[PDB]
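Heads up: the structure comes next, in structure tokens.
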Amino acid sequence: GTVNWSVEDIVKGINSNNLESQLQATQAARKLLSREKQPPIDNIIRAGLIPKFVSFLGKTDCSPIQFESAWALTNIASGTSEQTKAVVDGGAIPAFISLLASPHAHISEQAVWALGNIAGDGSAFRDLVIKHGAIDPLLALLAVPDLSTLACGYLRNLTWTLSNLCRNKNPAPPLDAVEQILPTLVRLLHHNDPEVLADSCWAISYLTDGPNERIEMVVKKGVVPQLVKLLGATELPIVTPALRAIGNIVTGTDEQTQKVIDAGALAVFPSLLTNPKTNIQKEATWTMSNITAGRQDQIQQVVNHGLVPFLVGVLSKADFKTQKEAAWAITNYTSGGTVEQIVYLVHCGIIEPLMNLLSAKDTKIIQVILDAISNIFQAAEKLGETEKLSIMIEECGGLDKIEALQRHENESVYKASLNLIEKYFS
Amino acid sequence: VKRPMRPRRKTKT
């Protein structure tokens with residue numbers, strides 16, 4: 001029927017003065033734009049059909065043509081930034097916000113989807129959707145006693161669209177918009193659906209990627225325990241945004257970091273530091289490096305949970321980017337730890353894998369390792385056992401590397417390497 | 001110091 005129409009035929013039917021002929025053509029346009037193989041988006045745009053589709057959004061007496069045009073515009077707005085702009089330039093934004101209150105649920109859901117694609121383009125369109133007043137009617141669709149009474153797909157689109165309203169930086173979303181969304185966002189974070197949980201964590205992930213004032217706004221709502229629960233989930237699409245939000249929170253103040261520790265987050269890191277996914281292992285190591293940059297009683301809590309051997313292991317064998325994050329974790333550990341905490345780091349076997357990474361073809365990891373060695377030697381002086389540590393570095397072949405790092409391109413590497421061999425001779 | 005260092009669009013078929 002409406003299968004495999006030409007663009008010329010679609011134009012001929014939409015330009016007729018017959019609402020049912022226009023409905024037939026719009027459906028044929030929707031079917032073209034919903035094919036997997038190269039949807040002719042640019043061809044439809046050049047034909048001048050976007051303004052006609054936008055007007056069809058307002059024909060309340062013919063809901064089938066509201067739905068077909070919203071679907072067609074949804075898919076145009078899913079392409080490039082130039083194609084999303086054509087949808088916006090046609091006046092689609094206020095029309096989709098009006099459709100949010102449609103008594104037909106499949107039409108309201110389609111307006112949510114279209115507004116999600118518009119806001120996902122970037123900061124500008126995101127704020128423009130907010131200025132047109134989309135948040136109030138969006139949150140009204142979720143003001144029910146139990147979210148389980150809503151349709152699964154209806155709820156997944158609402159969570160996804162909302163997350164796109166929390167997304168992107170330069171600038172971040174308006175503070176008032178974030179404060180207005182968070183209570184509903186926290187409720188979604190306790191829902192049972194896997195996709196709702198994943199997209200809710202991504203939203204919290206975005207809101208925590210910024211200054212400490214943004215982090216505190218989230219922490220104040222008490223979502224940190226629930227983030228730790230999801231951090232130990234089985235589903236990979238949930239663990240990934242959950243860890244990102246935890247890692248974001250520990251970039252802030254020591255008090256905000258301590259709330260992550262109090263919720264039991266460190267108990268999950270034996271698994272996270274041995275996760276078979278390279279990206280989970282790296283982000284977990286990065287998070288550990290920001291935790292060892294805190295107070296001494298926090299470094300001690302890292303020790304108590306037994307995570308120092310896991311850092312030794314990651315330093316011993318992992319993807320090179322994960323290894324560098326582990327080198328940072330050690331240098332932060334050594335620069336802010338006590339004497340008892342620095343020697344315990346040696347008793348766990350940090351020295352050998354730390355020396356073996358001095359053969360890396362990277363200058364920054366060399367500087368980080370060498371500065372860690374300096375802080376370790378400084379603690380050996382305080383005890384008067386520098387001889388033992390220098391012997392330890394020589395026996396494993398670390399001295400050969402340190403002295404080979406003399407003849408290095410970078411000046412800073414040479415100076416630190418020399419200063420080390422002059423003070424302790426190994 | 002501390003060191004500070006998912007589809008945007010969906011098509012309906």
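Readers should treat all values here as calculations from the given coordinates under stated rules, not as data from a laboratory. Neighbour counts are summed over all protein chains in view; Cβ atoms, including those assigned to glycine, are modelled from backbone coordinates with ideal geometry.
If you go through segment A:173-201 and pick out every residue that is out of contact with any helix residue (DSSP H, G or I) (no Cβ under 7 Å at 6 or more places or on another chain) and among the hydrophobic types (A, V, I, L, M, F, W, C), you end up with 3.
Output the helices (runs of 4 or more DSSP H) that fall wholly within segment A:115-168 and possess 3 or more residues being surrounded by fewer than 21 Cβ atoms within 10 Å (Cβ to Cβ) and either away from chain B (no Cβ under 14 Å) or among the hydroxyl-bearing types (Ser, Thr, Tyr) (or both), or say none. Spell out the reasoning first.
On the way: elements: A:123-131, A:135-140, A:152-165.
Per the criteria, A:123-131, A:135-140.
Pairing each residue of chain B that is within 7 Å of chain A (Cβ to nearest Cβ) with any residue that is acidic (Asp, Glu), provided the two are 6+ apart or on different chains, yields C-beta distances under 7 Å for B:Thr13/A:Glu36. Pairing residues of segment A:306-325 that are among the basic types (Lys, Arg) with residues that are assigned to a helix (DSSP H, G or I), at Cβ distances under 7 Å and at least 6 apart in sequence or on separate chains, gives A:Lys321/A:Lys282; A:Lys324/A:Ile365. What is the number of the single condition among (1) in contact with an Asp or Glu (Cβ under 6 Å, 6 or more places away or on another chain); (2) surrounded by fewer than 23 Cβ atoms within 10 Å (Cβ to Cβ) that A:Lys321 does not meet? Result: A:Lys321 passes all but (1).
When segment A:31-40 is examined, which residues are found to be crowded, with 20+ Cβ neighbours inside 10 Å and more than 9 Å from every other protein chain (Cβ to nearest Cβ)? Quick ask: steps written out before the conclusion?
Going residue by residue through segment A:31-40, those that are crowded, with 20+ Cβ neighbours inside 10 Å are A:32-33.
Across segment A:31-40, the qualifying residue is only A:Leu32.
Determine, yes or no, whether A:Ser78 is of a type in the set (S, T, N, Q) and surrounded by fewer than 18 Cβ atoms within 10 Å (Cβ to Cβ). Explain how you work it out, then say what you get.
On the way: of a type in the set (S, T, N, Q): yes; surrounded by fewer than 18 Cβ atoms within 10 Å (Cβ to Cβ): no.
No: the conditions fail for A:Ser78.
If you filter segment A:90-105 down to residues that are within 30 Å of the chain's Cα centre (by Cα) and either surrounded by fewer than 23 Cβ atoms within 10 Å (Cβ to Cβ) or not small (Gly, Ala, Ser) (or both), you find that the one that is farthest from the other protein chains (Cβ to nearest Cβ) is A:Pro94.
When residues of segment A:338-367 are filtered for being buried (at least 22 other Cβ atoms within 10 Å of the Cβ) and in a helix (DSSP H, G or I), how many remain? Quick ask: steps written out before the conclusion?
So the first thing to find is which residues in segment A:338-367 are buried (at least 22 other Cβ atoms within 10 Å of the Cβ), and the list is A:342, A:345, A:350, A:354, A:366.
Then drop every residue that is not in a helix (DSSP H, G or I), which leaves A:342, A:345, A:354, A:366.
Matching residues across segment A:338-367 total 4.
Can A:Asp193 be described as more than 19 Å from A:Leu207 (Cα to Cα) and either touching an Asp or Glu at 6+ places or on another chain (Cβ under 7 Å) or surrounded by fewer than 18 Cβ atoms within 10 Å (Cβ to Cβ) (or both)?
Details: more than 19 Å from A:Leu207 (Cα to Cα): yes; either touching an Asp or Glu at 6+ places or on another chain (Cβ under 7 Å) or surrounded by fewer than 18 Cβ atoms within 10 Å (Cβ to Cβ) (or both): yes.
Criteria met by A:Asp193.
A single member of A:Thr26, A:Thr84 is within 18 Å of B:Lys12 (Cα to Cα) and within 14 Å of chain B (Cβ to nearest Cβ), and it is A:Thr84. One residue alone among A:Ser271, A:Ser316, A:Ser289, A:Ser335 is within 14 Å of chain B (Cβ to nearest Cβ), surrounded by fewer than 21 Cβ atoms within 10 Å (Cβ to Cβ) and of a type outside the set (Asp, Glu), and that residue is A:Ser335.
Pairing residues of segment A:181-196 that are farther than 20 Å from A:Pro137 by Cα with residues that are surrounded by fewer than 14 Cβ atoms within 10 Å (Cβ to Cβ) and of a type in the set (D, E, K, R), at Cβ distances under 8 Å and at least 6 apart in sequence or on separate chains, gives A:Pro194/A:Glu235. Please state which one of A:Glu68, A:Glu20 is among the acidic types (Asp, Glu), within 14 Å of chain B (Cβ to nearest Cβ) and either under 18 Å from A:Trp113 (Cα atoms) or in a helix (DSSP H, G or I) (or both). So the residue among A:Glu68, A:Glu20 that is among the acidic types (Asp, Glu), within 14 Å of chain B (Cβ to nearest Cβ) and either under 18 Å from A:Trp113 (Cα atoms) or in a helix (DSSP H, G or I) (or both) is A:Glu68. Restricting attention to segment A:231-253 and to residues that are not polar (S, T, N, Q) and not in a helix (DSSP H, G or I), the residue that is farthest from A:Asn275 (Cα to Cα) turns out to be A:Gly252. Among the residues of this structure, A:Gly264 does not count as one that is over 28 Å from A:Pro145 (Cα atoms), under 14 Å from the mean Cα position of the chain (by Cα) and small (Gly, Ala, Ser).
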